[PDB]
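S.K.: My sequence and its experimental structure, below.
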Protein chains: 2
Amino acid sequence: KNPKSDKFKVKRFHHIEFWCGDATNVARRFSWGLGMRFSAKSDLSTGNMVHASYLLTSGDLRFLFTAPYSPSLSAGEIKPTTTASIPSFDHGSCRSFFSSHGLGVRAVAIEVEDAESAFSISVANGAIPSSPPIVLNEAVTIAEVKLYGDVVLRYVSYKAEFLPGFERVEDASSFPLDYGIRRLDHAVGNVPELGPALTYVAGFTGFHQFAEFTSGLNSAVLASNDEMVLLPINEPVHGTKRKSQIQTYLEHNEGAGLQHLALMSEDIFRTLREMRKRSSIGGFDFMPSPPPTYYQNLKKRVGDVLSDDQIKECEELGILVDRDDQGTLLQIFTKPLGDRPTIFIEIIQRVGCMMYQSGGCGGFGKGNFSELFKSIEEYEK
Amino acid sequence: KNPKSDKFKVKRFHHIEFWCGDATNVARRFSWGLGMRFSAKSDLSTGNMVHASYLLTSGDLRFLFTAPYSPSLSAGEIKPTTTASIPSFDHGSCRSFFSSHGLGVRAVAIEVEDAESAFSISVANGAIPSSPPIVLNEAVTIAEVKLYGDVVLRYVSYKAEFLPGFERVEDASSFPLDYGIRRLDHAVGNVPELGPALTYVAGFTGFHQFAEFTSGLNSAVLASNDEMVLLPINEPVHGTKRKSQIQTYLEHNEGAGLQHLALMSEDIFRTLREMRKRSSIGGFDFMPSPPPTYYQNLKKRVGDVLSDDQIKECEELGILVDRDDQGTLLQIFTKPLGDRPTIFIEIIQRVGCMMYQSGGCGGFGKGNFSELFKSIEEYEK
Ligand SMILES: Cn1nnnc1NC(=O)c1cccc2c1n(C)c(=O)n2Cc1ccccc1Cl
Ligand SMILES: Cn1nnnc1NC(=O)c1cccc2c1n(C)c(=O)n2Cc1ccccc1Cl
Ligand SMILES: [Co+2]
Ligand SMILES: [Co+2]
């Protein structure tokens, strides 16, 4: 069921902002590893004395990387005279975030009809305010509320190119890399307590429950009216024979935070060929592949959806496949993006639910816990 | 003149350690941009609960990238029970360094005969102690004294593979990149006051003055007995019509620190072809090239050393050339390595002074201040 209970008009995921120690090095690593183009900047060269911010894009996917400069560069500024392009930025908050959590997502940004009304309605319905609505160059409004941990949900609304004060990048520095990634599919948080987390976020957004599951974890998915904004949340389950990976996350992250970003590809085969070619030359590593028993069992499970050759290509690339009563999901997971065993990336492509494709088509891979464990037991034999 | 006045036996540059917020992303960016192989690690996977450290190598050049984990992972440890592989590492010192200076060099490490005697003699001769001599696995001794700012001079001595507690990297994660870089030629500091800086370092090392110059700066070079360890130091000169780039460094770095690392290549043409191919896909950018008038004037200055075709290749790659009474220097400079206009890299190759090649052959490029400014005036006409 979809009660379509959003308390304000939500459009799509807009961008993800990482808080970094050095934005330059993280942005360049991510650009090469994911095939994203350097598309906009706000830094000393654009008159920003406060923070360095670099925007990468692939299709509709937008990753922003931000780090603070020395506060001495802007010591005489006040908020009414700031040279920062992102008004919510604060030197101390950014340094405290990075010192506590390491590299990670500070902001999950969604485009809304009206960021001022989204903020006001959210706070009226229980959201903890983080940054009030600010109008930039009479063209864009930005506001932020607490999502979980030190992650904020950022609302952006446009009157009528990323943000005022950002400059488009010189084409020489903008190499047109593209490995097929096209948009953010879902963004997943880890929290100590799922119930309170869900009650809080669904309380101020009106997002409805899309899915739920139970492994070492319990999860549920919150969704916007058209189910294009998807926010799953996990909690650890204690008492299992193996330690919860959610609990390991919370320990190494110093608490709740964003666990993974799932990035939709228009051609997951091409994306994984390109990413795997670069794993050991500056890119991203992938989790160990399933045993060949997993791919033998795939023919029995999705042989009507994928040809034998298409299943062989999944096997070559380490791609996992799960299936709904409605759709089929192709997915694979990276190793952690940085030093700590915390945030990682998922690459996904969905088959089915054509109407445009409906959001969440095929689910989130819950069937691959059992199928993988079973295939692992079969391979040892 | 070379009085050969070293107060202890010094061998060669051993490694450079960067203090980072996220060692993984900086190391991967540097590996791809410079053509350095991932060769050793000390991190959670090797039992280090304190810091993540990744070693890149190209020839004899060793770059180490280190970042702290959450202190909560090691809260019960004490120094006698530490799982850190580098005993001088301290969570607070590392976070304070990175918060203050951003990405930069913490340690300039030289291999010595006996790190305990090097430390004791240094401190007896005025060096400020930073970390006392510690014997690792009865095999390696490491000690540190203050060099300038928050940069330390690190002594390493070996009884008889980087450091105990580091593990060699699995060959799949070790891609054999190589763009021709082979060793560290010199490491340059910026300080507010050259005289006191020189008196201090030469006082505790016995290093002698190799060279001196005067642009916006004054510089002098300290050198070991065989002039293979070369430590230039710059100070700003105020009153010039253009603001001293040394002063800009000090402002953005929050004080003294390491300005550039000059990396010797066995084939600077190949190194620059390879680095420039990668500038916009995760690598390093280079400073704007000299006008064609600079390369027309090169024929008059080094036409007996470099053929016309070799000068054309310098022109294609933006390479600068200077000449001594003894040798010829090919050099080029990167843009800053990170967000701040502070640390950068120089690629160099030296021609002449064959005996092996003598250290510092051809100088450090002082002639290229005048030659470049003159060529710039000639091009406008
Ligand atoms: C709840 N939720 N909502 N949106 N996304 C999510 N969770 C995930 O994507 C997700 C995150 C981590 C592990 C997963 C996930 N899934 C769906 C699985 O099947 N595994 C098992 C698995 C995967 C790859 C290699 C070995 C194994 Cl053992
Ligand atoms: C003192 N010292 N000791 N060891 N190294 C050093 N200094 C340097 O390498 C050095 C560092 C920054 C600028 C320099 C340097 N040199 C030698 C030059 O000629 N310029 C002028 C120049 C270079 C490239 C593009 C335009 C220009 Cl304008
Ligand atoms: Co997922
Ligand atoms: Co130099």
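M.R.: Yes, it's here. Numbers count the residues shown, from 1 in each chain, chains lettered A, B, ... in the order given. Ligands and ions are numbered 1, 2, ... in the order given.
S.K.: Could I get the full set of helices for the stretch 251-381 of chain A?
M.R.: Ranges of helices in the stretch 251-381 of chain A, per DSSP state H, counting those that start in this stretch, are A:268-278, A:292-302, A:308-317, A:367-380.
S.K.: deepest of these, which one?
M.R.: Among the helices of the stretch 251-381 of chain A, helix A:268-278 has the highest mean neighbour count (mean count of other Cβ atoms under 10 Å in any protein chain shown), at a mean of 19. Every residue, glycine included, has its C-beta placed from N, CA and C.
S.K.: and it with helix A:308-317, angle?
M.R.: Angle of helix A:268-278 versus helix A:308-317, following axes from the mean of the first three to the mean of the last three Cα atoms, to 10 degrees, is 30 degrees.
S.K.: so which of the helices of the stretch 251-381 of chain A comes closest to ligand 4?
M.R.: helix A:268-278 (32.0 Å; Cβ to the ion).
S.K.: which residues sit against the closest one?
M.R.: A:32-35, A:179-181, A:265, A:283-284, A:286, A:313, A:317-319, A:330, A:332, A:347-349 (Cβ atoms under 8 Å, 6 or more residues apart in numbering or on different chains).
S.K.: Now cross-check these against ligand 4 and list the overlap.
M.R.: Contacts with ligand 4 are made by none of the contacts of helix A:268-278, judged by Cβ under 5 Å from the ion.
S.K.: Can you flag the buried ones in those?
M.R.: Among those, those buried by neighbour count (16 or more other Cβ atoms under 10 Å in any protein chain shown) are A:32-35, A:179-181, A:265, A:283-284, A:286, A:313, A:317-319, A:330, A:332, A:347-349.
S.K.: Okay, and the beta partners of the residue nearest the centre of chain A?
M.R.: Centroid-nearest residue in chain A, with Cα atoms, centre = their mean: residue A:261, separated by 2.9 Å. Taking DSSP bridges, one obtains residue A:187, residue A:345 as the residues bridged to residue A:261.
S.K.: repeat for residue A:221
M.R.: Under the criterion used (DSSP bridges), residue A:221 bridges to residue A:211, residue A:232.
S.K.: Tell me how far it lies from ligand 4.
M.R.: 56 Å (Cβ to the ion, to the nearest Å).
S.K.: That residue against residue A:230, yeah?
M.R.: Yes. In terms of Cβ atoms under 8 Å, residue A:221 counts as a neighbour of residue A:230; the distance is 5.9 Å.
S.K.: Name the residues contacting each of those two.
M.R.: Residues touching both residue A:221 and residue A:230 (Cβ under 8 Å, 6+ apart) are A:186, A:210, A:360.
S.K.: Using JSON lines, lay out the residues you listed together with neighbour count.
M.R.: Below are these laid out as JSON lines (neighbours: other Cβ atoms under 10 Å in any protein chain shown):
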{"residue": "A:186", "neighbour count": "24"}
{"residue": "A:210", "neighbour count": "20"}
{"residue": "A:360", "neighbour count": "23"}
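S.K.: For the stretch 201-350 of chain A, what lies in contact range of ligand 1?
M.R.: Residues of the stretch 201-350 of chain A lying near ligand 1 by Cβ under 6 Å from any ligand atom: A:219, A:221, A:232, A:234, A:260, A:287, A:320, A:333, A:346.
S.K.: so which of the residues you listed is the most crowded?
M.R.: residue A:234 (25 neighbours; other Cβ atoms under 10 Å in any protein chain shown).
S.K.: circling back to that earlier point, quick one: the residue nearest to the centre of chain A and residue A:346 touch, right?
M.R.: Yes. If you go by Cβ under 8 Å, residue A:261 and residue A:346 touch, sitting 7.1 Å apart.
S.K.: Quick check on the nearest residue in space to residue A:376 that is not next to it in sequence: phi, psi?
M.R.: Using Cβ to Cβ, 6 or more residues apart in numbering or on different chains and skipping residues adjacent in sequence, the residue nearest residue A:376 is residue A:291, 6.2 Å away. Backbone torsions of residue A:291, given as degrees, to the nearest 10, read phi -60, psi 160.
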